[PDB]
Amino acid sequence: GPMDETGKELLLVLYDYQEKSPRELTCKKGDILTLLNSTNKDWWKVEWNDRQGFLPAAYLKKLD
């Protein structure tokens, strides 16, 4: 609903990614994430349901 979506900048995962550290997410192509921080050009902090962590920016497409 709207409370879940409000303020949220969404991302599409373009390629599967397997975490390589405890602060990284594992995701699949097609997953929809929320952007938390894009200040690092190589690594973006993201949110997926109850998880917050990093994925490489090359694996992500901004939707907003």
# chains A, B, ... in the order shown; residues from 1 in each chain; ligands from 1

call {"tool": "residues_around", "arguments": {"residues": "region 2-7 of chain A", "least_positions_apart": "2", "cutoff": "10 Å", "atoms": "only C-alpha atoms", "output": "list in words"}}
result
residues 9, 10 and 34 of chain A

call {"tool": "select_by_dssp", "arguments": {"residues": "chain A", "states": "strand (DSSP E or B)", "output": "MDAnalysis selection string"}}
result
chainID A and resid 10:13 17 24 27 32:37 43:48 51:56 60:62

call {"tool": "residues_around", "arguments": {"residues": "residue 55 (chain A)", "least_positions_apart": "4", "cutoff": "10 Å", "atoms": "only C-alpha atoms", "output": "PDB file with N, CA, C and O atoms, in the first residue's frame"}}
result
ATOM      1  N   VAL A  13      16.926  -5.496  -9.926  1.00  0.00           N
ATOM      2  CA  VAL A  13      18.136  -6.318 -10.034  1.00  0.00           C
ATOM      3  C   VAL A  13      18.240  -6.851 -11.472  1.00  0.00           C
ATOM      4  O   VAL A  13      17.324  -7.545 -11.955  1.00  0.00           O
ATOM      5  N   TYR A  17      23.118 -11.927  -8.082  1.00  0.00           N
ATOM      6  CA  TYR A  17      24.316 -11.617  -7.290  1.00  0.00           C
ATOM      7  C   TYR A  17      24.373 -12.477  -6.022  1.00  0.00           C
ATOM      8  O   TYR A  17      23.384 -12.507  -5.302  1.00  0.00           O
ATOM      9  N   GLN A  18      25.523 -13.084  -5.792  1.00  0.00           N
ATOM     10  CA  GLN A  18      25.828 -13.886  -4.610  1.00  0.00           C
ATOM     11  C   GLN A  18      26.702 -13.088  -3.654  1.00  0.00           C
ATOM     12  O   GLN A  18      27.762 -12.623  -4.019  1.00  0.00           O
ATOM     13  N   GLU A  19      26.208 -12.943  -2.435  1.00  0.00           N
ATOM     14  CA  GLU A  19      26.923 -12.164  -1.413  1.00  0.00           C
ATOM     15  C   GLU A  19      28.348 -12.708  -1.233  1.00  0.00           C
ATOM     16  O   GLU A  19      28.553 -13.954  -1.277  1.00  0.00           O
ATOM     17  N   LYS A  20      29.300 -11.806  -0.971  1.00  0.00           N
ATOM     18  CA  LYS A  20      30.718 -12.160  -0.697  1.00  0.00           C
ATOM     19  C   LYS A  20      31.173 -11.602   0.654  1.00  0.00           C
ATOM     20  O   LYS A  20      32.339 -11.749   0.976  1.00  0.00           O
ATOM     21  N   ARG A  23      27.781  -8.183   4.926  1.00  0.00           N
ATOM     22  CA  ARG A  23      27.013  -6.940   4.750  1.00  0.00           C
ATOM     23  C   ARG A  23      26.417  -6.855   3.341  1.00  0.00           C
ATOM     24  O   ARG A  23      25.848  -5.816   3.022  1.00  0.00           O
ATOM     25  N   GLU A  24      26.552  -7.917   2.541  1.00  0.00           N
ATOM     26  CA  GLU A  24      26.023  -7.944   1.163  1.00  0.00           C
ATOM     27  C   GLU A  24      24.741  -8.752   1.136  1.00  0.00           C
ATOM     28  O   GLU A  24      24.552  -9.664   1.957  1.00  0.00           O
ATOM     29  N   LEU A  25      23.872  -8.448   0.172  1.00  0.00           N
ATOM     30  CA  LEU A  25      22.675  -9.247  -0.093  1.00  0.00           C
ATOM     31  C   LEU A  25      22.997 -10.258  -1.194  1.00  0.00           C
ATOM     32  O   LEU A  25      23.956 -10.098  -1.936  1.00  0.00           O
ATOM     33  N   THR A  26      22.272 -11.353  -1.183  1.00  0.00           N
ATOM     34  CA  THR A  26      22.122 -12.246  -2.342  1.00  0.00           C
ATOM     35  C   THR A  26      20.782 -11.935  -2.958  1.00  0.00           C
ATOM     36  O   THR A  26      19.749 -11.950  -2.254  1.00  0.00           O
ATOM     37  N   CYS A  27      20.772 -11.741  -4.271  1.00  0.00           N
ATOM     38  CA  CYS A  27      19.520 -11.447  -4.997  1.00  0.00           C
ATOM     39  C   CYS A  27      19.506 -12.151  -6.348  1.00  0.00           C
ATOM     40  O   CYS A  27      20.549 -12.595  -6.846  1.00  0.00           O
ATOM     41  N   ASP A  42      30.382   2.391  -6.745  1.00  0.00           N
ATOM     42  CA  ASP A  42      30.533   0.930  -6.971  1.00  0.00           C
ATOM     43  C   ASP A  42      29.534   0.051  -6.215  1.00  0.00           C
ATOM     44  O   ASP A  42      29.188  -1.037  -6.696  1.00  0.00           O
ATOM     45  N   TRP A  43      29.083   0.521  -5.071  1.00  0.00           N
ATOM     46  CA  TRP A  43      28.257  -0.270  -4.145  1.00  0.00           C
ATOM     47  C   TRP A  43      27.093   0.563  -3.654  1.00  0.00           C
ATOM     48  O   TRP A  43      27.337   1.638  -3.089  1.00  0.00           O
ATOM     49  N   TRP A  44      25.877   0.105  -3.806  1.00  0.00           N
ATOM     50  CA  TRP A  44      24.674   0.796  -3.310  1.00  0.00           C
ATOM     51  C   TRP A  44      24.116   0.048  -2.117  1.00  0.00           C
ATOM     52  O   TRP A  44      24.064  -1.175  -2.095  1.00  0.00           O
ATOM     53  N   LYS A  45      23.680   0.797  -1.092  1.00  0.00           N
ATOM     54  CA  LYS A  45      22.980   0.189   0.033  1.00  0.00           C
ATOM     55  C   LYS A  45      21.513   0.130  -0.336  1.00  0.00           C
ATOM     56  O   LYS A  45      20.954   1.132  -0.817  1.00  0.00           O
ATOM     57  N   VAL A  46      20.916  -1.023  -0.074  1.00  0.00           N
ATOM     58  CA  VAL A  46      19.550  -1.329  -0.481  1.00  0.00           C
ATOM     59  C   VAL A  46      18.804  -2.025   0.650  1.00  0.00           C
ATOM     60  O   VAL A  46      19.456  -2.571   1.577  1.00  0.00           O
ATOM     61  N   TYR A  59      24.791  -3.968 -10.917  1.00  0.00           N
ATOM     62  CA  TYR A  59      23.740  -4.991 -10.920  1.00  0.00           C
ATOM     63  C   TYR A  59      22.337  -4.414 -10.801  1.00  0.00           C
ATOM     64  O   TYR A  59      21.370  -5.173 -10.750  1.00  0.00           O
ATOM     65  N   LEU A  60      22.218  -3.088 -10.732  1.00  0.00           N
ATOM     66  CA  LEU A  60      20.971  -2.433 -10.322  1.00  0.00           C
ATOM     67  C   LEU A  60      20.565  -1.379 -11.363  1.00  0.00           C
ATOM     68  O   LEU A  60      21.438  -0.696 -11.917  1.00  0.00           O
TER      69      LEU A  60
END

call {"tool": "select_by_dssp", "arguments": {"residues": "chain A", "states": "alpha helix (DSSP H)", "output": "PyMOL selection string"}}
result
chain A and resi 2-5

call {"tool": "residues_around", "arguments": {"residues": "residue 11 (chain A)", "least_positions_apart": "3", "cutoff": "7 Å", "atoms": "only C-alpha atoms", "output": "VMD selection string"}}
result
chain A and resid 32 to 35 60 to 63

call {"tool": "closest_residue", "arguments": {"among": "A:56, A:21, A:50, A:64", "to": "residue 38 (chain A)", "atoms": "only C-alpha atoms"}}
result
A:56

call {"tool": "closest_residue", "arguments": {"among": "A:52, A:1, A:30, A:37", "to": "residue 14 (chain A)", "atoms": "only C-alpha atoms"}}
result
A:30
